[PDB]
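Engineer: Take a look at this one; I'll ask things after.
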Amino acid sequence: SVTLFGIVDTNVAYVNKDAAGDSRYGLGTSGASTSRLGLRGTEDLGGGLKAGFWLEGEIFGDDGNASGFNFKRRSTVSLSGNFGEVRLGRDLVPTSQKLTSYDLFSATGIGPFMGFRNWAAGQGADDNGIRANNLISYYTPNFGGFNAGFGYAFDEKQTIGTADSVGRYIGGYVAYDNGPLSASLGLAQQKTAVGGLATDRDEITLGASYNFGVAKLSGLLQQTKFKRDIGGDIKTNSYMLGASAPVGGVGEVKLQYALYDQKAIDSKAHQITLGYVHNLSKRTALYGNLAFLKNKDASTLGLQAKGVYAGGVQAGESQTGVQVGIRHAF
Amino acid sequence: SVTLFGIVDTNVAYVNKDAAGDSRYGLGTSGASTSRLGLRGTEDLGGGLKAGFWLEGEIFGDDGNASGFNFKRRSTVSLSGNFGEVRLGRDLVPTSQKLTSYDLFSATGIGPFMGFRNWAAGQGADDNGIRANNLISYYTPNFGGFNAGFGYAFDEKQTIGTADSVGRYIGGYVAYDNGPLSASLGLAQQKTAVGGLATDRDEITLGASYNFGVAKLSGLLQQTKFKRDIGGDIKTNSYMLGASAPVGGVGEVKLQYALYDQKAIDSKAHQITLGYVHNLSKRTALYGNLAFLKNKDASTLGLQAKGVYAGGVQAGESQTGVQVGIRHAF
Amino acid sequence: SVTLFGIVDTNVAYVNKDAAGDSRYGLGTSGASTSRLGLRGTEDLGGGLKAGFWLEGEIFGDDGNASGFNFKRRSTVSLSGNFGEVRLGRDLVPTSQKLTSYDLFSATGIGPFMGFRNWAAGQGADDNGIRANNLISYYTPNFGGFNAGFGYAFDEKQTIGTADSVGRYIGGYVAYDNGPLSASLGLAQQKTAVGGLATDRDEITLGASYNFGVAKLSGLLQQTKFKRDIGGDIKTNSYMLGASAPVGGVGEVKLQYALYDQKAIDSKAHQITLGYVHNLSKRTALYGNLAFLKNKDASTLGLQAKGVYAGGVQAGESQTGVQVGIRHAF
Ligand SMILES: CCCCCCCCO[C@@H]1O[C@H](CO)[C@@H](O)[C@H](O)[C@H]1O
Ligand SMILES: [Ca+2]
Ligand SMILES: [Ca+2]
Ligand SMILES: [Ca+2]
Ligand SMILES: [Ca+2]
Ligand SMILES: [Ca+2]
Ligand SMILES: [Ca+2]
Ligand SMILES: [Ca+2]
C-alpha cells in the first residue's frame with residue numbers, strides 16, 4: 001500500500017521579549033506536532049520480508065513553505081522482517097528518535113526539551129543531534145521488552161577548516177519498553193567544526209517514563225560535550241521532568257520542567273511549560289502552550305515560537321511565551 | 001476526504017516588444033488559469049462543524065518548477081460551520097479573493113486586470129495586494145445574498161528601513177451575491193516601505209457583474225495609494241469593463257477594456273484583450289488571448305506573458321501580445 | 001485516471017580517487033534507476049483523442065532533497081491519438097529520450113554511457129543535451145516498426161555574452177523498433193555559449209540493439225561538437241558496446257565498454273562496467289555496479305557516484321568505483 005499523510009498545525013503566538021527586549025506576536029506553526037506532508041509505503045516480498053519507503057517534509061502554513069518544500073524530515077528506503085529493520089537515507093538518528101519520546105511536548109512548540117540543540121555553534125548541517133544525511137540505521141525487534149537501535153552516517157569527506165569528516169554520526173541506544181514502562185540509554189558521537197577547528201560532538205542521554213493511565217511521569221538527563229581536538233570544550237548538562245494526564249474524555253494537560261547547565265558560560269536556565277490539548281476528533285485538536293524561561297547570568301536562551309520568534313534574549317532575562325493553535329492530521 | 005487536484009496550463013506566447021523594443025516569443029504558462037498542484041481535505045467533526053486544510057502551489061510547466069515547488073498559493077487550516085469559515089495560513093487576502101472574481105481573465109495571462117500590482121515598488125513580500133503571510137481570515141455565510149470577509153495578517157515586526165511592521169494586512173469586503181448579480185466593496189491597508197521609508201498601501205475596490213445567461217457584463221474600479229509616512233504618495237486609479245458570452249455549446253468569447261491612471265507619472269495606459277476558450281471536455285480546453293496595451297507619456301507597462309516576457313516596455317510604447325495554449329485540470 | 005508513482009534508489013558507494021587522489025565513500029543515490037516522484041494522468045476526450053499531464057522530479061534520499069523538490073525531470077501537458085503525441089513543457093529532448101535507451105545502465109549510476117555530457121563547459125542550463133526548458137515535441141506512431149520524434153525548444157532570447165539564443169534546441173530522430181530489434185539515428189543542435197562566446201552544440205548519435213532473449217547486445221556511437229561562431233571547436237567522439245543477460249529467473253548481469261575520444265585535449269578515456277540486478281519482486285531489486293575508468297594523457301573524467309563523488313580525477317589517472325544498493329518502485 002502507499003499512504004499520503006500529513007499534519008497542518010498553525011497557531012497564534014506571543015513572546016514578551018526578543019533580543020532587543022521587544023515583544024513579538026504572530027502566526028506561527030507546529031506548536032503541538034510538527035507540520036508535515038509525506039508519502040510512505042510498504043510492500044510484502046514474501047517470506048516475512050517487507051520493503052518500504054518514506055518521504056516526509058515539514059510544512060510551514062504561515063508562509064506557504066516560502067523557502068521551498070523538501071523531504072528533510074525523512075527520505076528512506078528500507079527492508080524489514082523478523083530481524084528488525086534496516087533504513088537507508090536521511091532520517092532521525094536512533095538516539096534522537098528514541099530519546100525525544102520522553103519529552104511530553106514532542107520536541108516541538110515553545111514547551112519542549114531543548115537538549116538536542118547546537119550548544120556550541122557547530123558548523124555541521126545537523127549539530128542539534130536530531131537528524132543526519134547519509135544515514136544507515138538498524139532497529140532490532142522488541143524481545144521481552146528489550147530493544148536497540150544503531151546508526152552510522154557517512155561524512156563523505158565534508159571539510160570545514162581542519163575537520164575533514166564533518167557530519168559523521170555513530171550512535172545508538174539500548175532500551176526496555178513493555179507498554180507502561182519505558183527506559184532508554186543513548187550514546188552518540190558526531191564529527192564537526194567550531195570556528196573552523198575540528199570538534200567532536202559527544203552526547204549521552206538517559207530517559208525513563210511510566211504511564212499509570214491516570215497520569216504519566218517522564219524524565220530525561222543529557223550531557224552534550226563539544227570537545228575540540230586542539231583542546232577546550234563546550235559542555236552542557238540538560239535535565240527535564242514532566243507529567244501529563246487525561247482530563248475529561250477529550251482533554252490532556254501537560255507540565256514540564258527543564259534545566260540547562262551551560263558550563264562554558266557558567267550559567268543556568270530554567271524552564272516551565274504548561275500545555276493543554278483538547279481533541280475535537282481523533283485527527284483534529286485545539287491546543288495551548290504557556291511557557292516561562294528564566295536565564296541566569298550570561299544565559300541568553302529563548303523559547304522556540306516557530307514562525308514568530310525563536311531567537312535569543314538578552315543575558316539573564318526571563319521570557320514568557322504563549323501559543324494557541326489547531327492541529328489537523330490527515 | 002482528501003483530494004489531490006491541479007491544473008497544467010502551458011502555452012506559446014509572443015510579445016512584439018520588450019524593454020529594448022525587441023520581440024519575444026516562447027513557451028509560457030498559465031494563460032487561462034494559473035497552473036497549480038494541491039491537496040485539500042475536509043473532516044466532519046459532528047454538530048455541523050468541519051475541519052479543513054488546503055495546500056496549493058503554482059506549477060511552471062515550461063521549466064519544471066526550476067526554482068523549487070512550494071505551497072505559496074494557499075497553505076491553510078480551517079474550521080467551518082453555520083458561523084462561516086475561519087482560516088489560518090498563507091492565502092489570498094479577502095479583498096483580492098472576492099474582487100478578482102470580476103476579472104473575466106481571472107487575474108492571469110496577458111489579458112487580466114492589472115490593478116492588483118506593486119505600483120510603487122514597495123519592498124514588502126506581497127505589495128501587489130493579492131496574498132499575505134501570517135493571515136487569519138473570517139468569511140461569513142451568505143444570508144439573503146449578503147456576505148462578507150475579513151482578514152488580518154501579522155507583520156511580526158518585519159523591519160525594512162523605518163518600517164517596523166512590514167507585511168501587516170487589515171482588510172475586508174461586503175458583498176451581495178444572488179447568482180446572476182454580484183457586487184462587492186473591498187477596503188484594505190498594508191504596511192510596507194518604499195525606498196526604505198515606511199509607507200501605507202491603501203486600496204479601495206468596487207466590482208459588479210450581471211450574468212444574463214447569453215452574456216455576462218463585469219466591471220471593476222480601484223484606487224491604490226502608497227502613502228509615505230513622511231509625505232508623498234504614489235496613487236493609481238484602475239478601471240475595467242468586460243463582457244463574455246458562450247459561443248456554440250463548447251466555446252466562450254471574452255472582451256475586456258482597462259485603463260490605468262498613474263498619477264505619480266501623470267500617465268495613462270489603456271488595454272484591450274480578446275479571448276476565446278474552446279472546451280474539449282469539462283477538464284481540458286484550448287484557448288487564445290490577444291491583447292493590446294497602449295502606454296501614454298511616461299507609462300511603461302507591459303503585458304504579462306508568464307514564462308516568456310512580463311517586463312516593461314519603453315515609455316509611451318504600445319505592445320501587442322498573443323498566447324495560445326491548453327489548460328488541463330485534474 | 002491520475003497515478004502517483006516513484007522510485008527510491010539508494011546505495012553505498014566508493015571511488016578510490018577524487019581530484020586530490022583520495023578515496024571517497026558514502027551513501028548515494030540512483031545507481032540502477034534515477035530516484036523520482038511523479039504524478040501523471042490521462043483523460044479520454046472521445047473520438048480517440050486523449051489529454052495527458054506528467055509532473056516528475058528527482059529524489060535524493062541521502063539528503064532529503066535538501067536543495068528543494070522540483071519537477072525538472074518532466075512537466076508536460078499533452079494531446080495524443082492516432083496522429084501520435086504532442087507534448088508541451090520541460091522534458092527529455094527526443095534525441096536523448098530515444099538514444100539513451102541503448103545504454104544498459106540507463107544513463108545513471110557509475111556505469112553508464114557518458115556521451116550526453118557538457119564536454120565544453122557550455123554555459124546553458126542543459127548543455128549535456130538531455131532535457132530542455134520551453135520544449136515542444138512531436139512523436140509519431142510506430143508504423144511497421146518505423147517511428148520518429150521531433151522537438152523544438154525556445155530560447156526566449158536568453159543572453160550570455162555574444163549568444164542571444166541560449167537554450168534553443170532543434171532536433172529529432174528516426175528509428176526502427178520491432179520488439180527484438182531497435183535502431184535509431186538522432187541529430188540535434190543547441191545554442192549556447194562557452195566563455196561568453198556564442199557556440200553551437202551539434203550532436204549526431206547512432207544506436208542499435210538486438211534482444212536474443214537469452215542475451216541482449218547494444219551499441220551507441222556519438223559525435224558531439226561545440227563549434228564556436230568566431231572559430232574553434234571542442235569535439236568528442238563517444239562509443240559504447242554492451243551486453244546483458246538474465247541469470248536464473250530473478251537476476252540480470254550487464255557488461256558495458258565505452259571509449260571517449262576528446263579531441264580538444266588529444267586524449268582518450270576507456271571505461272568498463274559490470275553490473276548485477278537481483279529482483280526481490282517486480283518493484284524491488286538489490287544491485288551492484290563495479291566500474292573502471294582509465295584516463296589517458298590529459299583526460300580527467302570521473303565516475304558518477306551520485307551523492308558520493310561525481311567530480312574529476314587527476315590527468316591520466318585510472319579510477320575504480322563500486323555501488324551497492326536497493327531500488328524500490330511504487
Ligand atoms: C510535492 C508534491 C505532492 C505530492 C502529492 C501526492 C498526491 C497523492 O494523492 C493521493 O494518492 C493516491 C494516488 O492518487 C490516491 O489514493 C488519492 O486519490 C490521493 O489522496
Ligand atoms: Ca522506509
Ligand atoms: Ca509567521
Ligand atoms: Ca482550509
Ligand atoms: Ca518559458
Ligand atoms: Ca504528458
Ligand atoms: Ca522546493
Ligand atoms: Ca551522500
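Ligands are numbered from 1 in the order shown, residues from 1 within each chain, and chains are lettered A, B, ... in the order they appear in the C-alpha cells.
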Taking 2 positions as the minimum chain separation for residues in the same chain, which residues sit within 7 Å of residue 292 (chain C) when counting only C-alpha atoms? Answer as a count of residues only.

Structural biologist: 7

Engineer: Neighbouring residues of residue 316 (chain C) were defined as those with any atom within 10 Å, considering only C-alpha atoms; residues of the same chain fewer than 2 positions away were excluded. Please report them as a ChimeraX atom specification.

Structural biologist: /C:267-269,294-301,313-314,318-319

Engineer: For the contact check between chain C and chain B, emit one row per residue of chain C within 9 Å, containing the shortest atom pair and the distance in Å rounded to one decimal, counting only C-alpha atoms, chain then rising number order, as CSV.

Structural biologist:
residue,atom,partner,partner_atom,distance
C:1,CA,B:330,CA,9.0
C:2,CA,B:330,CA,7.7
C:41,CA,B:330,CA,7.9
C:43,CA,B:284,CA,8.6
C:45,CA,B:281,CA,6.3
C:46,CA,B:281,CA,8.9
C:51,CA,B:284,CA,7.3
C:52,CA,B:328,CA,7.8
C:53,CA,B:8,CA,7.2
C:55,CA,B:64,CA,7.8
C:56,CA,B:64,CA,8.2
C:57,CA,B:64,CA,8.2
C:67,CA,B:68,CA,8.5
C:68,CA,B:68,CA,5.8
C:69,CA,B:68,CA,5.8
C:70,CA,B:68,CA,4.8
C:71,CA,B:64,CA,4.4
C:72,CA,B:64,CA,4.2
C:73,CA,B:64,CA,7.1
C:74,CA,B:64,CA,6.4
C:75,CA,B:61,CA,4.9
C:76,CA,B:61,CA,6.1
C:77,CA,B:8,CA,6.5
C:78,CA,B:326,CA,8.6
C:88,CA,B:10,CA,6.8
C:89,CA,B:62,CA,4.5
C:90,CA,B:62,CA,5.3
C:91,CA,B:64,CA,8.3
C:132,CA,B:63,CA,8.0
C:133,CA,B:63,CA,4.9
C:134,CA,B:62,CA,4.8
C:135,CA,B:62,CA,7.1
C:136,CA,B:27,CA,8.2
C:153,CA,B:27,CA,8.0
C:154,CA,B:26,CA,5.3
C:155,CA,B:26,CA,7.1
C:156,CA,B:26,CA,5.3
C:157,CA,B:24,CA,6.9

Engineer: Need to verify the contact set: region 122-124 of chain C, 7 Å, only C-alpha atoms, exclusion of same-chain residues closer than 3 positions in sequence. Can you return it as a list in words?

Structural biologist: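 My list of contacting residues is residues 118, 127, 166, 167, 192, 193 and 194 of chain C.
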
Engineer: Neighbours of residue 139 (chain B) within 7 Å (only C-alpha atoms; same-chain residues fewer than 4 positions away dropped), as a PDB file with N, CA and C atoms, in the first residue's frame?

Structural biologist:
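The new file out.pdb reads:
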ATOM      1  N   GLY B  84     -19.884  30.297   9.310  1.00  0.00           N
ATOM      2  CA  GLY B  84     -18.998  30.676   8.233  1.00  0.00           C
ATOM      3  C   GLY B  84     -17.734  29.833   8.275  1.00  0.00           C
ATOM      4  N   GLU B  85     -16.605  30.491   8.078  1.00  0.00           N
ATOM      5  CA  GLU B  85     -15.314  29.804   7.994  1.00  0.00           C
ATOM      6  C   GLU B  85     -14.202  30.706   8.484  1.00  0.00           C
ATOM      7  N   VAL B  86     -13.328  30.142   9.314  1.00  0.00           N
ATOM      8  CA  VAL B  86     -12.113  30.793   9.742  1.00  0.00           C
ATOM      9  C   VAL B  86     -10.933  29.996   9.196  1.00  0.00           C
ATOM     10  N   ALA B 148     -19.756  38.656   3.594  1.00  0.00           N
ATOM     11  CA  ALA B 148     -18.599  39.494   3.914  1.00  0.00           C
ATOM     12  C   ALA B 148     -17.395  38.645   4.259  1.00  0.00           C
ATOM     13  N   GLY B 149     -16.236  39.273   4.181  1.00  0.00           N
ATOM     14  CA  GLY B 149     -14.979  38.617   4.514  1.00  0.00           C
ATOM     15  C   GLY B 149     -14.016  39.619   5.128  1.00  0.00           C
ATOM     16  N   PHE B 150     -13.195  39.137   6.070  1.00  0.00           N
ATOM     17  CA  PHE B 150     -12.315  39.977   6.846  1.00  0.00           C
ATOM     18  C   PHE B 150     -11.001  39.241   7.093  1.00  0.00           C
TER      19      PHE B 150
END

Engineer: Check the DSSP output for the backbone and give back, as a ChimeraX atom specification, the residues of region 67-244 of chain A in helix (DSSP H, G or I).

Structural biologist: /A:94-102

Engineer: Residues within 6 Å of residue 275 (chain A), please, as number ranges by chain. Count only C-alpha atoms; anything in the same chain fewer than 3 positions from it doesn't count.

Structural biologist: A: 253-254, 288-289

Engineer: What is the distance, in Å and to one decimal place, between CA of residue 230 (chain C) and CA of residue 163 (chain C)?

Structural biologist: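 Taking CA of residue 230 (chain C) as the start and CA of residue 163 (chain C) as the end point, the length is 11.5 Å.
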
Engineer: Please measure the separation of CA of residue 21 (chain A) and CA of residue 105 (chain A), giving the value in Å to one decimal.

Structural biologist: 26.2 Å

Engineer: In Å to one decimal, how far is CA of residue 286 (chain A) from CA of residue 79 (chain B)?

Structural biologist: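 Calculated distance between CA of residue 79 (chain B) and CA of residue 286 (chain A) is 10.9 Å.
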
Engineer: Nearest to residue 87 (chain B): which of B:229, B:49, B:19, B:151 is it, counting only C-alpha atoms?

Structural biologist: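 Under the stated criterion, the closest residue is B:151.
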
Engineer: Find the residues near residue 245 (chain B): any atom within 10 Å, counting only C-alpha atoms, skip ones fewer than 5 places away on the same chain, and give them as a tab-separated table (two decimals) with N, CA, C and O atoms, in the first residue's frame.

Structural biologist:
chain	number	residue	atom	x	y	z
B	211	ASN	N	-24.86	38.33	-14.89
B	211	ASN	CA	-24.85	37.23	-15.83
B	211	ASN	C	-26.25	37.04	-16.40
B	211	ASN	O	-27.14	36.54	-15.70
B	212	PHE	N	-26.43	37.49	-17.64
B	212	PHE	CA	-27.71	37.38	-18.36
B	212	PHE	C	-27.89	35.97	-18.97
B	212	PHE	O	-28.91	35.71	-19.57
B	213	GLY	N	-26.93	35.07	-18.84
B	213	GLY	CA	-27.01	33.74	-19.46
B	213	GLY	C	-26.40	33.75	-20.84
B	213	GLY	O	-25.36	33.12	-21.08
B	214	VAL	N	-27.02	34.50	-21.74
B	214	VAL	CA	-26.49	34.69	-23.09
B	214	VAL	C	-25.17	35.49	-23.10
B	214	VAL	O	-24.40	35.39	-24.03
B	215	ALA	N	-24.93	36.28	-22.04
B	215	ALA	CA	-23.69	37.04	-21.91
B	215	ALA	C	-23.56	37.50	-20.47
B	215	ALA	O	-24.54	37.50	-19.72
B	216	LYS	N	-22.35	37.90	-20.09
B	216	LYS	CA	-22.09	38.44	-18.75
B	216	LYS	C	-21.35	39.77	-18.91
B	216	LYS	O	-20.47	39.88	-19.76
B	217	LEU	N	-21.73	40.75	-18.12
B	217	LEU	CA	-21.07	42.04	-18.09
B	217	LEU	C	-20.44	42.20	-16.71
B	217	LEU	O	-21.06	41.88	-15.70
B	251	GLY	N	-17.77	26.76	-26.58
B	251	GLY	CA	-16.90	27.92	-26.68
B	251	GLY	C	-17.31	29.06	-25.77
B	251	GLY	O	-18.43	29.13	-25.30
B	252	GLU	N	-16.39	29.99	-25.58
B	252	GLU	CA	-16.65	31.21	-24.82
B	252	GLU	C	-15.75	32.29	-25.39
B	252	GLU	O	-14.57	32.07	-25.59
B	253	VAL	N	-16.31	33.47	-25.64
B	253	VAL	CA	-15.56	34.63	-26.07
B	253	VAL	C	-15.58	35.65	-24.94
B	253	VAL	O	-16.58	35.77	-24.21
B	254	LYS	N	-14.48	36.37	-24.80
B	254	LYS	CA	-14.31	37.37	-23.75
B	254	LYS	C	-13.64	38.61	-24.31
B	254	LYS	O	-12.70	38.53	-25.10
B	255	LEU	N	-14.09	39.78	-23.86
B	255	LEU	CA	-13.53	41.06	-24.26
B	255	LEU	C	-13.46	41.96	-23.03
B	255	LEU	O	-14.45	42.11	-22.32
B	276	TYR	N	-10.62	33.62	-26.32
B	276	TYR	CA	-11.52	32.56	-26.68
B	276	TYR	C	-11.08	31.31	-25.92
B	276	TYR	O	-9.89	31.05	-25.83

Engineer: I need the residues in region 39-237 of chain B that are strand (DSSP E or B) according to DSSP; give them as a VMD selection string.

Structural biologist: chain B and resid 39 to 46 49 to 58 74 to 81 84 to 88 91 to 92 131 to 132 135 to 139 143 146 to 153 160 163 169 to 177 181 to 194 197 to 211 216 to 228 233 to 237

Engineer: Filtering to C-alpha atoms, could you give me those residues as an mmCIF file, in the first residue's frame?

Structural biologist:
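File part_1.cif, as written:
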data_model
loop_
_atom_site.group_PDB
_atom_site.id
_atom_site.type_symbol
_atom_site.label_atom_id
_atom_site.label_comp_id
_atom_site.auth_asym_id
_atom_site.auth_seq_id
_atom_site.Cartn_x
_atom_site.Cartn_y
_atom_site.Cartn_z
ATOM 1 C CA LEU B 39 -4.087 18.791 -1.731
ATOM 2 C CA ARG B 40 -7.192 19.607 0.270
ATOM 3 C CA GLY B 41 -9.366 17.876 2.738
ATOM 4 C CA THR B 42 -12.370 18.251 4.930
ATOM 5 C CA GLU B 43 -13.280 16.334 8.083
ATOM 6 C CA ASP B 44 -16.761 16.271 9.657
ATOM 7 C CA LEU B 45 -16.346 16.831 13.405
ATOM 8 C CA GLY B 46 -20.015 16.417 14.192
ATOM 9 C CA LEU B 49 -18.511 21.657 12.460
ATOM 10 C CA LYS B 50 -15.865 20.775 9.870
ATOM 11 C CA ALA B 51 -12.077 20.996 9.861
ATOM 12 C CA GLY B 52 -10.196 21.565 6.638
ATOM 13 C CA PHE B 53 -6.788 22.032 5.179
ATOM 14 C CA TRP B 54 -5.562 23.194 1.781
ATOM 15 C CA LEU B 55 -2.012 23.148 0.403
ATOM 16 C CA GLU B 56 -1.501 24.569 -3.099
ATOM 17 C CA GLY B 57 1.441 25.722 -5.174
ATOM 18 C CA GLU B 58 1.993 27.107 -8.618
ATOM 19 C CA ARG B 74 -2.554 28.651 -0.186
ATOM 20 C CA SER B 75 -1.464 26.761 2.932
ATOM 21 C CA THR B 76 -4.365 26.898 5.337
ATOM 22 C CA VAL B 77 -6.106 25.039 8.091
ATOM 23 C CA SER B 78 -9.676 25.933 8.891
ATOM 24 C CA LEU B 79 -12.837 25.420 10.842
ATOM 25 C CA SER B 80 -16.210 25.914 9.238
ATOM 26 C CA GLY B 81 -19.841 25.552 10.087
ATOM 27 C CA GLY B 84 -18.998 30.676 8.233
ATOM 28 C CA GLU B 85 -15.314 29.804 7.994
ATOM 29 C CA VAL B 86 -12.113 30.793 9.742
ATOM 30 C CA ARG B 87 -8.771 30.075 8.001
ATOM 31 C CA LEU B 88 -5.211 30.304 9.290
ATOM 32 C CA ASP B 91 -3.789 32.617 1.247
ATOM 33 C CA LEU B 92 -5.417 35.153 -0.939
ATOM 34 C CA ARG B 131 -1.828 37.206 -0.859
ATOM 35 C CA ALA B 132 -0.433 37.532 2.665
ATOM 36 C CA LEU B 135 -3.028 35.591 7.652
ATOM 37 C CA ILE B 136 -6.215 34.920 9.629
ATOM 38 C CA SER B 137 -9.442 35.301 7.715
ATOM 39 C CA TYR B 138 -13.115 35.038 8.517
ATOM 40 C CA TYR B 139 -15.812 34.540 5.856
ATOM 41 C CA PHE B 143 -27.644 35.300 4.069
ATOM 42 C CA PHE B 146 -25.304 39.373 1.651
ATOM 43 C CA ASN B 147 -21.854 38.136 2.507
ATOM 44 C CA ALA B 148 -18.599 39.494 3.914
ATOM 45 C CA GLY B 149 -14.979 38.617 4.514
ATOM 46 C CA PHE B 150 -12.315 39.977 6.846
ATOM 47 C CA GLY B 151 -8.598 39.380 7.264
ATOM 48 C CA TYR B 152 -5.693 40.323 9.484
ATOM 49 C CA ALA B 153 -2.090 39.387 8.698
ATOM 50 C CA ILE B 160 12.804 47.486 6.397
ATOM 51 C CA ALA B 163 9.059 50.490 8.669
ATOM 52 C CA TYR B 169 -2.679 43.470 6.326
ATOM 53 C CA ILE B 170 -6.033 44.618 7.588
ATOM 54 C CA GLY B 171 -8.930 44.479 5.184
ATOM 55 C CA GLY B 172 -12.231 43.090 4.147
ATOM 56 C CA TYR B 173 -15.258 43.337 1.943
ATOM 57 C CA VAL B 174 -19.006 43.464 1.934
ATOM 58 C CA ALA B 175 -20.928 41.988 -0.973
ATOM 59 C CA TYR B 176 -24.239 40.920 -2.435
ATOM 60 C CA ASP B 177 -24.321 37.701 -4.498
ATOM 61 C CA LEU B 181 -25.937 39.506 -9.747
ATOM 62 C CA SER B 182 -22.733 40.171 -7.839
ATOM 63 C CA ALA B 183 -21.403 43.369 -6.323
ATOM 64 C CA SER B 184 -18.628 43.912 -3.795
ATOM 65 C CA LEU B 185 -16.809 46.704 -1.992
ATOM 66 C CA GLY B 186 -13.337 45.973 -0.632
ATOM 67 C CA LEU B 187 -11.091 48.086 1.592
ATOM 68 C CA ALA B 188 -7.578 47.214 2.753
ATOM 69 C CA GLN B 189 -4.420 48.657 4.234
ATOM 70 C CA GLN B 190 -0.965 47.055 4.152
ATOM 71 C CA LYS B 191 2.161 48.293 5.867
ATOM 72 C CA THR B 192 5.245 48.499 3.685
ATOM 73 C CA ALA B 193 8.296 50.529 2.751
ATOM 74 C CA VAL B 194 9.343 52.336 -0.411
ATOM 75 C CA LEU B 197 10.739 54.677 4.175
ATOM 76 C CA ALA B 198 7.578 53.496 5.959
ATOM 77 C CA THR B 199 4.551 53.631 3.640
ATOM 78 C CA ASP B 200 0.909 52.555 3.867
ATOM 79 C CA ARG B 201 -0.592 50.748 0.902
ATOM 80 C CA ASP B 202 -4.283 51.728 0.868
ATOM 81 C CA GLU B 203 -6.687 50.063 -1.583
ATOM 82 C CA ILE B 204 -10.377 50.592 -2.226
ATOM 83 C CA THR B 205 -12.064 48.389 -4.818
ATOM 84 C CA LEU B 206 -15.620 48.234 -6.195
ATOM 85 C CA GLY B 207 -16.785 45.476 -8.529
ATOM 86 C CA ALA B 208 -20.099 44.389 -10.054
ATOM 87 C CA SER B 209 -21.332 41.924 -12.610
ATOM 88 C CA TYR B 210 -24.520 40.565 -14.080
ATOM 89 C CA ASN B 211 -24.846 37.229 -15.827
ATOM 90 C CA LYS B 216 -22.094 38.439 -18.747
ATOM 91 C CA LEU B 217 -21.069 42.041 -18.091
ATOM 92 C CA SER B 218 -18.490 42.839 -15.418
ATOM 93 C CA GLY B 219 -16.777 45.999 -14.134
ATOM 94 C CA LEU B 220 -14.168 46.961 -11.507
ATOM 95 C CA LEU B 221 -12.911 50.331 -10.178
ATOM 96 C CA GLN B 222 -9.939 50.577 -7.860
ATOM 97 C CA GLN B 223 -7.793 53.222 -6.212
ATOM 98 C CA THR B 224 -4.456 52.128 -4.816
ATOM 99 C CA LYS B 225 -2.461 54.705 -2.871
ATOM 100 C CA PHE B 226 1.009 54.167 -1.439
ATOM 101 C CA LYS B 227 1.114 56.971 1.152
ATOM 102 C CA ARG B 228 4.565 57.534 2.642
ATOM 103 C CA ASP B 233 2.132 59.359 -2.475
ATOM 104 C CA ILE B 234 2.037 57.078 -5.496
ATOM 105 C CA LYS B 235 -1.634 56.907 -6.419
ATOM 106 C CA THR B 236 -3.142 54.858 -9.219
ATOM 107 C CA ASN B 237 -6.777 54.673 -10.365
#
